[PDB]
Structure formats: C-alpha cells, structure tokens
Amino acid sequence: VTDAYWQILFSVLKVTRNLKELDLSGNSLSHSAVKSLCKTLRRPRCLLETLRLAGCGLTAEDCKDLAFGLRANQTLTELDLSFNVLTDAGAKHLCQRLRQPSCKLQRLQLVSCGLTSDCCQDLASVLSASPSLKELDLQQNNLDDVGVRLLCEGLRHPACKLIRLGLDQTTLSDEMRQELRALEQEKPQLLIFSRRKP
C-alpha cells in the first residue's frame, strides 16, 4: 500500500466527523504513513479516543513520531501497539510522553513488543505519575525479576491508579511471585492477569 494512498487516507480522516476509533491493525505502515498519522493526531479537532496499530510493522523510530504527535492530545484513551518490534527504545520514547501530566491515557497495550527489564524504569515512571492510566498490558514480553521489581515500585506508589496489569509470571522467581501476591493486599483493586497462565 503506497505512500500517496496513505497521504490521502489521513487527509480524509481530518474531514470526517465523529470518527472516534481508528483501527489500522494488520496494515504495514511505512514511515511515510506513520508521519501522516501523526498529523491527523495533531489537528485540534481529532475526535479519536481509540487508535489500534497492532501488527503494523512499527519500529522504535515510529514511537518517537507517535509520542510527538500526541503532546497536544488529551482525547485519546486507548492505544494498542501490540505485535510490533518496538524494543525498549521505542517504549522509552512513549514513556516520556505518557509520563506527562498533560497525557491522560487510560488503556495501553504493549503485548509482544520485544520489551525487556530495561524499559521497566520508564514504565514505573509512568505508573507513578500518570493521571489516568488504568490498564497496562505487558504480556508476551521478556521481563525478569530485575524489571518486575522496578514495576512494583511504581505500583506501590500512592499516586498509581492501575486496576489491570497484564503480566506473564512464567519465569519469575517464587520470591518475585510472592512480592506480586503481597501487592494484591497493599493495592486491593489492582488485578494482575495473564492469558498465558491456566
């Protein structure tokens, strides 16, 4: 799918009304496509509350353009970036924006994005300073005890507001698992799920 097409597609979006959910999952988005989309997100009338970019071929550099295009947006509440090789570098660009008080995302999914323990400090930073984040899906990533313990510091922060955290506990030490279960009692309304655990 060619750049000229994308360019015209995102121009059609700016002039259609009460379009509140954009779902491009499955479409490979070139870097030209990703920059165009950053423009439709930076028009002040962007009525978009849900943006789904799962399995689109996004890379770390696309996260920079994405976080930049959302600096002046306070309407978007769902973002799906699952199934893109974003790496901890991509996740870092995103966190710098999610951590802003101006950003009020509620649901973020980063399922299967190639994240490791390296990004958990930037994630915990979001956890302990986000005014509206209620759902963070980190399933199907390679987080170990190093990373999860940094997440727990963000979870225990009295400002943290998460109610659902998708997190695979497959390779965590039993010490780690116990820390996670103790946190069910310090934060009674946080649910820690995993479709990968029976």
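For every residue, the number given is its place in the sequence shown, counted from 1.
For the pair 177 to 185 and 7 to 15, the mean Cα B-factor is higher in 177 to 185. The stretch 69 to 77 shows the higher mean C-alpha B-factor when 69 to 77 is compared against 121 to 129 in the entry. Of the residues listed, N27, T40, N141, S32, the entry assigns the biggest Cα temperature factor to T40.
Comparing the C-alpha B-factors of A60, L167, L53, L47 in the entry, the top value falls on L47. Among all modelled residues in this chain, the alpha-carbon of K92 has a temperature factor (C-alpha) in the lowest third. Among the modelled residues of its chain, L110 has a C-alpha B-factor that falls in the lowest third, as given in the PDB entry.
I163: CA B factor in the highest third of modelled residues in this chain (values from the PDB entry). When the modelled residues of the chain are ordered by their C-alpha B factor, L98 lands in the middle third.
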